[PDB]
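Let us start with two forms of the same protein chain, each given on its own as structure tokens and named structure 1 and structure 2.
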Structure 1
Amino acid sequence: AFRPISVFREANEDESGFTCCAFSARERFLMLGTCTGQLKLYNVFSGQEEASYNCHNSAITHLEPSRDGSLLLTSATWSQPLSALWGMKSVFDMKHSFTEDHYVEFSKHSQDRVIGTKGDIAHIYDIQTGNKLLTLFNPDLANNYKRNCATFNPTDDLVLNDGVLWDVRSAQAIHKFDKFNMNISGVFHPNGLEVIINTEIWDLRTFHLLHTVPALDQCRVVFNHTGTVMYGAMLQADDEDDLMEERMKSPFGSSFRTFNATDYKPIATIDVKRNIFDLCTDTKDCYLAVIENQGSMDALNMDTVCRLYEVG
């Protein structure tokens, strides 16, 4: 059950350029990055643009607002700095920059640090000083995942980078998970008990293979806030000498699926018939915001819309 609630495109733009989104600290408002590097604040129910800020001179790929509403992480496509940490309290300004990290996340338990990714390397920064506290990389244990993204575990004491499990306290890799795909490097389950690496669900304690989930192949995942449902969407295949107009054009395919977060069995498969750019839910798990591209290969540009659905 994903009942439509609202839909809206970018205001005053023949070619709507929404690329990513996250609910803001203020209820009813959604943050959306754009293909021109802007961060915009919209009313998700009326579709009215409330604010717009310049963040990068290239398209925003991903963003994350801190839980307390004071900070925002952004990542761009081809700009300097590549990622940034912005202040949202009162005035909107840049607190810090992460020059060549193509992707950044907040720490999860206490959000006082940022973890960014550059190729096979992870960088851990202090939010206040902006200093790089750690550089995690081991050429012996490296996997070279093409879409590697470093991430903290729920209690911030462990890190996952390139499929390698690192102990933050000692800055020492404790285990390398074998490489069974070319792109996805895996994430932590919110329960802190297992790791989800593409189609392999590993137990953290014993490193046993808990689940084979073929449907998660090449998928990015996000959980509801009670840790009971997992949304997964398959990345867009990069092919090789594929037709132009088909090269990139969208990060995901046109479908996403829901999984029981405990037994990983399928719940629902939704094919919106439009390439997906991003999706998120609110803190109370009431709504699902999805960026969907309408148009055609005829178009030299995206024409995305944001759709809000009711979480059944």
Structure 2
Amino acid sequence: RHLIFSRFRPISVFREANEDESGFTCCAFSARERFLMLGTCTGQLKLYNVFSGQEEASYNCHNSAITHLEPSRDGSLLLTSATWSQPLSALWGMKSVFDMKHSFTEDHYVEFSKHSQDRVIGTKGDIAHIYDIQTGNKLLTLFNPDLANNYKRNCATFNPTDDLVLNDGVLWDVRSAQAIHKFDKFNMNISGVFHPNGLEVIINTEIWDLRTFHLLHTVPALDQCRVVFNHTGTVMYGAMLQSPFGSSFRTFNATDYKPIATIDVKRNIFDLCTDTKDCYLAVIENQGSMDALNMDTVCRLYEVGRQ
């Protein structure tokens, strides 16, 4: 594990086919991983065949930069979020025709429920909304002004069984819509994430015990990092957001929180994602600056476990 997840080897580069300046901002694998899905700075979404490298479809989703993509487990649905243009988030269908199903006009981030995906959780500033996928109707809003932490990058989220919600550093019980606990605030930005094991809560550098609210680990190398887990919850990838984007990503052992490797890519990292096989890692990689009137941003594909 420390051997495999410390070795990465670039095998291809994807660029926007018709552009003079590539403008990718976001990536995700499709449900069956035949395609890489790439959002762009202008609000389009491009699908590239991983095997052949060909672009196969382009869609027009938003009017500003794509910030988040999440295909549903079955591949019939897709969530998107953008940057400044309303609607900021939306729900698309991916069957015979690409179509828009629902708008979440003011939600800057959006996520499927984790057990059965019949619900969407949305985030508007410090407020969480839960929606029903069929109707689009808002089922409940979670908010408490006396308990808020006002994290700058707040992103509400379900726990693996869908019985709990984390929002702005507050544990909510969904069934009763009552606040259960409020986690101590030690940073200004990162609001936190559930471990796939269902036992721990990870908030910036602090790992808390979900049952007893004990402080279990302090992991300094996670500070201000955007966190992603692999499919089995054994490995964490992180990329630092202080352009404030770091040029490295770090791998961690997800069971004991021990560091594995730091991989310098010599490009600013905008985003990254993993398949379900631990075969490939995809990274959005930027070079240049506003001063040079050049912000070429490309996607590099890596083999995991080979050097």
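Shifts are known only where both forms have a C-alpha. Rigid core: the largest C-alpha set superposing within 1.5 Å between the two forms. Counting starts at 1 with the first residue of structure 1 and goes up one by one along its sequence.
In the core-superposed comparison between structure 1 and structure 2, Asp68 has its Cα shifted by less than 2 Å. The two forms, fitted on the rigid core, differ between structure 1 and structure 2 by 2 Å or more at the CA of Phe45.
Residue displacement note: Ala11 has its CA displaced by under 2 Å between structure 1 and structure 2 (rigid core superposed). For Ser185, the Cα deviation between structure 1 and structure 2 after core superposition amounts to 0.3 Å. CA movement of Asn301 between structure 1 and structure 2 equals 4.7 Å, with the two forms superposed on the rigid core. On rigid-core superposition between structure 1 and structure 2, the C-alpha of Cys219 is found to move 1.3 angstrom. After superposition on the rigid core, stretches of three or more consecutive residues whose Cα atoms move by at least 2 Å between structure 1 and structure 2 are found at 25 to 28, 44 to 47, 250 to 252, 294 to 302.
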